[PDB]
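Structure record follows, encoded as structure tokens.
FYI, it's all coordinate maths here, none of it is from the lab. Because the Cβ atoms are built from the backbone with ideal geometry, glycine has one as well, and the counts that use them run over all protein chains shown.
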Amino acid sequence: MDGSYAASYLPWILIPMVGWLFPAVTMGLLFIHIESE
Amino acid sequence: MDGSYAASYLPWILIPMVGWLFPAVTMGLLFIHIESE
Amino acid sequence: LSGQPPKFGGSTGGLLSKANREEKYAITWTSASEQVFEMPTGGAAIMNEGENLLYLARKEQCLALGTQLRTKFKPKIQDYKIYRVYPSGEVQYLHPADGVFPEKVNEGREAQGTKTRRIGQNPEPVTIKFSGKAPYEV
Amino acid sequence: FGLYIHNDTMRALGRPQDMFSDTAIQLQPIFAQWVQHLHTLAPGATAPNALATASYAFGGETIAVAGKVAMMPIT
Amino acid sequence: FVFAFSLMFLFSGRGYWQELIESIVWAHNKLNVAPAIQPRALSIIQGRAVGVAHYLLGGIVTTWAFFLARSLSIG
Amino acid sequence: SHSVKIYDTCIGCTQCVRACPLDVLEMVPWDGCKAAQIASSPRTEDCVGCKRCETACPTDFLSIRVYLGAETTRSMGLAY
Amino acid sequence: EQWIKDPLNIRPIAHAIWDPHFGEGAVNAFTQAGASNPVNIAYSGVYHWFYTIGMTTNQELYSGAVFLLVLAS
Amino acid sequence: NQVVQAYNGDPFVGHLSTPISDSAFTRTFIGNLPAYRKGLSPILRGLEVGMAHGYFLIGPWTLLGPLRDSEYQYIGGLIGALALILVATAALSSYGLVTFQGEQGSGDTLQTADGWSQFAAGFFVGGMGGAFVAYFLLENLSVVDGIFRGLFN
Amino acid sequence: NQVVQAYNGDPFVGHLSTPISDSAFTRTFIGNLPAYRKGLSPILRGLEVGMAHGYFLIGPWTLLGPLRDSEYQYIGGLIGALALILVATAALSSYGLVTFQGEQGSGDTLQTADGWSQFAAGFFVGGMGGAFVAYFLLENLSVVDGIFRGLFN
Amino acid sequence: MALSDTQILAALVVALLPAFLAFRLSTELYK
Amino acid sequence: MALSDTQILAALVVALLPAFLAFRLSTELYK
Amino acid sequence: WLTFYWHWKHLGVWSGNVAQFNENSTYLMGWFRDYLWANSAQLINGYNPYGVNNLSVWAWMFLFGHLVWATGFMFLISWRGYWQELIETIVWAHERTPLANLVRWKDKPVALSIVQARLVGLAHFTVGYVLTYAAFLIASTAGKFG
Ligand code: CLA
Ligand code: CLA
Ligand code: CLA
Ligand code: CLA
Ligand code: CLA
Ligand code: CLA
Ligand code: CLA
Ligand SMILES: CC1=C(/C=C/C(C)=C\C=C\C(C)=C\C=C\C=C(C)\C=C\C=C(C)/C=C/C2=C(C)C(=O)CCC2(C)C)C(C)(C)CCC1
Ligand SMILES: CC1=C(/C=C/C(C)=C/C=C/C(C)=C/C=C/C=C(C)/C=C/C=C(C)/C=C/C2=C(C)CCCC2(C)C)C(C)(C)CCC1
Ligand SMILES: CC1=C(/C=C/C(C)=C/C=C/C(C)=C/C=C/C=C(C)/C=C/C=C(C)/C=C/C2=C(C)CCCC2(C)C)C(C)(C)CCC1
Ligand SMILES: CC1=C(C/C=C(\C)CCC[C@H](C)CCC[C@H](C)CCCC(C)C)C(=O)c2ccccc2C1=O
Ligand code: SF4
Ligand code: SF4
Ligand SMILES: [Ca+2]
């Protein structure tokens, strides 16, 4: 994965953040919310 | 830091002991002593 | 100690962790009318009609209010009681101690700190060097 | 002030590469340099009827009067 | 001078100075030249007010003399 | 806790009690002056040591004296 | 022993510098008085004091230091 | 209306219920931080505090330390932060010996002598290895870059 | 006068209050060691015992082991002491399964079945990484020497 | 001429004798 | 022609402003 | 005053220029210019943008002693109950800051007492006085003769 466009380091960090960090936080935060008393 | 004098390995270990290990022990032991019941 | 708190919007100058750990101080007074008073911790609050209960961090803040409650209002509030409140629930009643304000002389009050001599008639420190006592003590 | 104390000490220890300077760890005032650039580009673009800049301290011409500088760009 | 003179007022305090004056009042009472207006040390605010006046008078006059002699020499 | 001492040169004009901000001082009956009262200090545990009483004392040298002793939470005047 | 052979020229060395904060400029600046390491120049005058009272070797100064350790004990 | 009120009802406690101090987002983010999260033993409180603190602490010495222009830039950034955590866990354990020595409370496990020592034990383990994993991601940055852009497929 | 007395006042307990066994320096050093320090949880006091023990344990096999004359001297010193700590924590954990099985005393937290297992858990983690940090200081000893004499400035 | 390695190390072992006696004096003066 | 690095990054900084207001609307709609 | 007099008179005696002292010490500008300004030249060039020399530690100590002497002016001019009221805001800030209010002091933070920072400001004044002059005494003499 390369890029001639500017800020090509941004898909280097946002793809594993929207791909992993956003689902792990949100589904983690939803799992506490939907199963709380 | 070099040295033509004998035991030039001694300032290699005594400078970080008098500099760091001596105050972290002493002010560590003083902090327990001046703040104990 | 019954009393509704005065209408205050809150302040950062009030009680710290000392109030729930060591002691705090409660001032209780009765007001004829709903009046505005300057809080000793910063800001202005409104006295409720009837009894007021205010918790303060220091005895000086309660007495700075009690000085203000006695001279900065057209009807003087001369019935304020000042308490020391402990976290264990025990309450020590402080001011006025005998029910009479201390600038007025009252019978039944015993003299503490009186020495029956002049301030220049204190003994020399050389006579009491290793007794540990001060020249004003012995 | 501790930035000043750091490179006072780093220059004293013979470490100019460890200082806070333009030949070392650089602290550029990039927002003030950008504002200076906007004022240099101000005549014509955002001040179209202004012939010259408001001040030459923002950038541009060096003004001489009697072989002596009146105003220069303060970089 | 006036910067250093300020630190007499700033660093000290009047209970030293009142005790010094009442020894000088004695030497005036010895020669019957004690004034009816009793000599007092300056008050605590005035001891600070004189010290902050002489500090800022001394420091600014230094910088004024430094700036004006330097900038008249150059050019 | 500081020591507040009241000496026999008291005239009983009650200015130390009115200058007191910590309710340390009070007027007790006495026989040594015309006002027939002497200042007393029953509550020196609340003494901050600020010496407003010594400022208000009109006698010479002083009839009330505050000696700064051991410092507690109350005498150091801490809200924390 | 190097200083007593030329007291007017050789700078007397107090002790060695051991500072990890030193860069290559300060190592070369403080490698002075004919030493092979960064040193501090003595200004207490103990070299002139020791040479006048008969001390001429580093063995004598070492024997004086060990005796004063014993005298402190 | 008015969004700055008295803190927890009492207007004489020296605090204010501000949109920074007592908002809905403040009460659910601070309260779910490791030092305040309900039900956590202090070994997991200190571990998650340690892993966060150890991870960014090699950063200043990696990019700005004295070894940043040698071949040991990531090594000198690690030893700087490893020795910082060692002072930091010594600051914790000396605090816990001092603060909790006369009696032990019951409301909070963290504010207890055995509880704060679990916090210091967790902070040490997460602090050093959180520094070490970021060191491992920085020495193998050429590996991690090739992972994240698919150079090994 | 006399410096040897009965141990803790009882002359019939089989011990003596000597300048080695019951001096003021002995009671404040032994009593402030991790195994005897007041208020420590067993996970931290296991950790501090482990960190000390893991640190010196690579040293015998580094300088005297069979790999000391190869290019893997520090690795063989580490591998020799990682497996010794693993036997040591197996010795601790099997001891706690044996010694504390009948009842749980209320006196000492360390002398309890869950308490001794926190001690073994701390000794393991401090033992292996204390061996690893001394391994890390030995493989990067050329870096550490250059730090301590300022070769990177 | 110069001191030897065993001379510097012997001075440190001798220096433990004032190190122990200053510890005994300091604890005696604290009592 | 092409966008710069400071144009892509500034678009992200402006994008906090819908992100902050979508958080406020979502919490207001939940209440 | 006396060590300035000793140093400047001996600087002319050692260099042979006794007329430098004898014709400029009669007024305080010659003390200011020919002694304080002139002899500090090699001191303040102990380090510069173009390198260092053996007077680099004395240049750092000279500025160190200026800092310690000027820090003592804070304890001697600013007095206690300014700082006690400042600490009370800092005490409030720690108590109301989450993740930091879990850490609590055992000793209550108060300002230094009235006698104490008169001693502490004097100690900074004296340590600042001595380290300034000992740097200037040595680097001007060793820069000229040493
Ligand atoms: C909803 C519109 C939209 C969609 C469909 C995409 C889609 C994509 N973006 Mg994104 N982007 C958008 C808005 C959008 N973008 C906006 C307006 C910006 C300017 C600030 C960005 C900035 C941006 C960057 C800088 C990056 C991408 C990238 C990408 C790709 C991977 C996802 C990622 O890393 O996100 C990262 C995106 C962000 C951190 C910012 C997105 C902010 C938008 C406005 C949020 C939109 C939320 C949406 C309306 C709600 C949907 C709800 C629904 C799911 C229930 C993918 C092609 C990556 C890429 O190009 O990979 C090759 C990447 O590096 N985008
Ligand atoms: C959009 C999300 C997305 C992306 C970005 C990836 C990307 C990738 N996947 Mg994956 N995949 C995903 C979703 C995604 N996957 C899903 C939805 C599935 C189901 C279809 C799969 C199924 C799949 C399989 C079955 C496998 C992959 C693997 C791979 C990796 C190949 C290289 C490698 O060994 O990585 C190693 C990289 C990682 C394990 C990620 C961790 C790396 C970071 C740097 C560690 C950070 C830790 C640090 C301490 C915490 C940071 C703190 C923070 C505050 C910064 C690559 C990173 C392969 C693999 O080896 O991955 C394990 C593999 O076996 N993928
Ligand atoms: C009180 C006299 C004194 C002074 C001020 C110095 C000063 C110094 N020594 Mg030391 N030294 C001394 C005594 C002295 N020494 C004695 C008598 C010995 C012979 C055994 C040593 C052995 C020695 C070694 C082998 C080393 C130093 C080094 C140094 C330097 C760094 C500090 C250090 O690592 O100490 C380490 C010192 C020791 C481990 C032993 C010193 C023991 C002394 C006697 C303790 C003195 C305590 C004091 C009198 C009590 C007053 C304290 C008071 C301020 C509260 C510094 C120049 C280092 C050096 O040369 O760096 C380049 C170094 O490697 N010294
Ligand atoms: C006399 C004491 C002294 C000495 C010897 C040092 C020495 C040094 N300082 Mg320091 N400094 C000190 C006091 C001192 N400082 C003080 C008083 C200040 C305040 C003015 C500073 C301010 C300061 C700054 C601001 C910085 C330095 C840094 C440096 C280091 C530069 C190289 C490096 O990256 O180190 C890395 C080396 C370490 C962090 C030390 C750890 C190395 C040992 C080997 C780890 C041992 C761990 C082990 C498991 C435990 C041993 C057990 C024991 C029983 C043997 C160097 C070691 C810089 C730096 O990067 O250091 C962090 C830096 O940022 N110094
Ligand atoms: C941030 C930068 C910094 C730091 C922290 C260091 C650190 C140090 N330098 Mg230094 N140096 C620096 C900048 C710095 N320098 C600069 C800019 C220069 C100019 C190039 C120098 C020039 C220089 C020279 C010329 C020398 C050093 C020396 C030293 C070492 C002191 C050895 C010693 O005995 O310490 C112990 C420290 C002390 C005894 C002072 C402590 C005083 C405190 C404040 C008061 C006393 C303690 C108190 C009573 C109670 C505290 C509690 C206590 C009991 C624990 C140490 C490595 C010396 C050296 O190499 O050692 C042999 C030395 O000769 N350096
Ligand atoms: C003086 C200030 C200072 C300095 C100089 C640095 C400098 C550094 N920090 Mg740091 N940091 C600081 C302060 C600072 N920090 C502060 C105050 C914070 C807030 C607490 C942080 C938070 C922080 C984080 C959270 C991260 C950095 C990182 C870094 C490195 C980034 C360099 C880089 O881009 O290349 C190298 C790094 C990259 C190109 C980025 C890679 C990031 C990771 C490996 C990807 C994560 C993947 C995925 C999202 C994780 C999901 C896990 C999965 C299991 C779900 C660098 C060493 C990064 C780091 O340590 O990387 C090891 C990083 O992740 N720092
Ligand atoms: C040069 C002299 C000097 C210095 C150093 C100080 C220092 C300070 N003044 Mg100041 N002040 C001065 C003279 C000085 N004053 C004088 C002359 C007056 C009398 C009128 C005052 C009166 C005064 C007032 C009335 C106020 C201050 C305040 C402060 C603080 C400023 C904010 C701050 O913390 O900055 C950061 C600190 C510094 C810039 C100091 C230098 C720190 C160095 C760089 C750190 C070096 C690392 C360290 C030494 C390593 C430890 C090593 C170990 C061996 C100990 C700071 C503590 C203000 C304050 O406290 O508000 C916050 C305040 O309100 N000052
Ligand atoms: C039988 C007898 C006599 C004969 C004595 C004979 C035949 C010899 C006597 C020799 C003696 C008694 C020598 C004494 C030496 C004392 C010394 C050496 C003390 C030194 C103390 C200090 C504190 C020095 C510290 C220092 C040292 C260590 C240095 O290295 C240099 C720095 C300095 C500080 C100077 C006489 C006829 C009398 C009468 C009858 C009794
Ligand atoms: C969102 C948010 C934010 C941000 C955040 C941040 C700041 C971040 C950071 C982050 C971080 C900073 C993180 C960290 C990370 C870490 C990690 C994740 C680690 C891990 C670890 C591991 C992986 C492991 C390790 C180890 C090893 C290797 C071995 C030894 C031991 C151990 C186990 C330890 C804020 C605050 C603004 C607020 C708002 C919200
Ligand atoms: C004083 C004294 C003595 C001595 C002592 C000794 C013997 C010492 C030793 C020492 C030691 C023996 C120490 C040790 C050290 C260790 C350390 C300090 C470690 C730590 C660690 C760290 C740093 C970290 C780590 C890690 C990592 C890296 C990762 C993984 C995990 C962990 C976290 C673990 C005696 C007895 C004679 C007695 C008298 C007194
Ligand atoms: C010296 C000194 C004094 C003594 C100063 C006194 C008694 C005042 C001296 C006044 C003299 C008499 C005149 C001062 C100069 C006049 C302003 C000049 C007027 C203009 C002339 C031309 C008439 C204090 O009282 C004092 C109080 C608190 C802190 C510090 C100090 C302090 O440092
Ligand atoms: S010092 Fe203040 S509080 Fe104490 S008795 Fe005097 S006036 Fe009252
Ligand atoms: S001490 Fe002074 S103020 Fe108090 S009663 Fe006596 S004369 Fe009045
Ligand atoms: Ca470097």
*Grab the other residues whose beta carbon is less than 14 angstrom from that of residue H:28, score K and R as +1, D and E as -1, and report the net.*
+3
*Summarise the long-distance tail of P(r) for segment H:2-67 by giving the % of C-alpha pairs beyond 18 Å.*
60 percent
_Please enumerate, by chain and number, the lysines with C-alpha under 18 Å from the C-alpha of residue L:144, excluding those fewer than 8 residues away in the same chain._
L:9
*Which one of G:23, G:73, I:5 is farthest out on the positive end of the charge dipole of the protein assembly as shown, using unit charges on Cβ (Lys, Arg +1; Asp, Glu -1) and the Cα centre as origin?*
G:73
*Within straight cross-link reach of residue E:30, meaning Cα distance under 14 Å, which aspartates and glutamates are found once same-chain residues fewer than 8 apart are removed?*
E:22
*Pull out a ≥ b ≥ c, the square roots of the eigenvalues of the alpha-carbon gyration tensor of the protein assembly as shown, then state rounded if a/c is under 1.5, prolate if not and a/b is larger than b/c, and oblate in the remaining case.*
rounded
*asked:* Taking 8 Å as the Cα distance limit and 6 or more residues as the minimum spacing, I'd like the relative contact order of segment C:1-72 as a percentage.
replied: 40 percent
*What helices does chain E hold that run 24 Å or longer along their axis, going by alpha-carbon atoms, with a Kyte-Doolittle average of 0.0 or more, using DSSP H for the helix calls?*
E:44-73
*Rounded to the nearest 10 degrees, what's the angle between the helix G:58-72 long axis and the longest principal axis of chain G, both from Cα atoms, 0 to 90?*
70 degrees
*asked:* Sequence gap at least 6, Cα distance under 8 Å: using those rules, report the relative contact order of segment F:32-80 to the nearest whole percent.
replied: 41 percent
*Over the whole of E:7-19, what's the average partner chain Cβ count within 10 Å per residue? Rounded to a whole number, please.*
2
*Taking the Cα-to-Cβ direction at residue J:12 and at residue E:36 and moving 7 Å from each Cα, how far apart do the two end points lie in nm?*
8.3 nm
*Based on the Cβ-Cβ distance of residue E:53 and residue I:71, what FRET efficiency does E = 1/(1 + (r/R0)^6) give at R0 = 56 Å, to the nearest 0.05?*
0.15
*asked:* If I model a spin label as a point 7 Å beyond the Cα along the Cα-Cβ vector, how far apart are those points for residue E:68 and residue H:21 in nm?
replied: 5.2 nm
*Per residue, what volume in Å³ does the convex hull of the Cα atoms of chain G enclose?*
116 Å³
*If you take the beta carbon distance between residue I:6 and residue H:144 as r and set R0 to 60 Å, what does 1/(1 + (r/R0)^6) give as a FRET efficiency, to the nearest 0.05?*
0.35
*What fraction, in whole percent, of alpha-carbon pairs in chain I exceed 20 Å separation?*
64 percent
*Per chain F: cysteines with no other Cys C-beta under 4.7 angstrom?*
F:10, F:13, F:20, F:33, F:47, F:50, F:57
_I want the local charge near residue G:54. Using Cβ-Cβ distances under 15 Å, sum +1 for each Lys or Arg and -1 for each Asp or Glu among the other residues._
-2
*Note down the nm distance, to one decimal, between modelled labels 7 Å out along Cα→Cβ at residue L:105 and at residue G:49.*
4.4 nm
*Projected onto the charge dipole of segment C:1-137 (+1 at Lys/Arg Cβ, -1 at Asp/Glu Cβ, origin at the Cα centre), which of C:135, C:50, C:102 gives the Cα projection farthest towards the positive end?*
C:135
*With each run of n ≥ 4 DSSP H residues scored as -39500 (n - 2.57), what mean residue ellipticity at 222 nm is computed for chain E after dividing by its residue count and rounding to the nearest 500 deg cm²/dmol?*
-26000 deg cm²/dmol
*asked:* I'd like the distance separating the alpha-carbon centroids of segment C:45-122 and segment G:49-70, in whole Å.
replied: 74 Å
_Average partner coverage of H:112-122, which counts Cβ from other chains inside 10 Å_ = 6
*How high is the FRET efficiency from residue G:63 to residue L:13, r the C-beta distance, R0 35 Å, rounded to 0.05?*
0.35
*Cross-link list C:76/F:34; J:31/L:106; C:115/F:34; C:129/F:5; C:24/C:115; C:24/H:38: which exceed 28 angstrom alpha carbon to alpha carbon?*
C:76/F:34; C:24/C:115; C:24/H:38
*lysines near residue C:72 by alpha-carbon distance under 23 Å, same-chain residues fewer than 8 away left out - which ones?*
C:7, C:59, C:81, C:104
*How far is helix H:113-139 tilted, in degrees, relative to the longest principal axis of the Cα atoms in chain H, given as a value from 0 to 90 rounded to the nearest 10?*
30 degrees
*asked:* Over all directions, how big on average is the projection of the convex hull of the alpha-carbon atoms in segment C:1-137, in square nanometres?
replied: 12.4 nm²
*Based on the inverse mean of 1/r over its pairs of different Cα atoms, what is the Kirkwood hydrodynamic radius of chain F, in Å?*
12.7 Å
*Would you calculate, for chain L, the mean residue ellipticity at 222 nm contributed by helices, counting each DSSP H stretch of 4 or more residues as -39,500 (n - 2.57) and dividing by all residues, to the nearest 500?*
-20000 deg cm²/dmol
_For Cα pairs less than 8 Å apart in space and 6+ apart in sequence, what is the mean separation divided by the residue count of chain C, i.e. the relative contact order in percent?_
22 percent
*Over every pair of different alpha-carbon atoms in chain D, take the mean of 1/r and invert it; report that Kirkwood radius in Å.*
15.0 Å
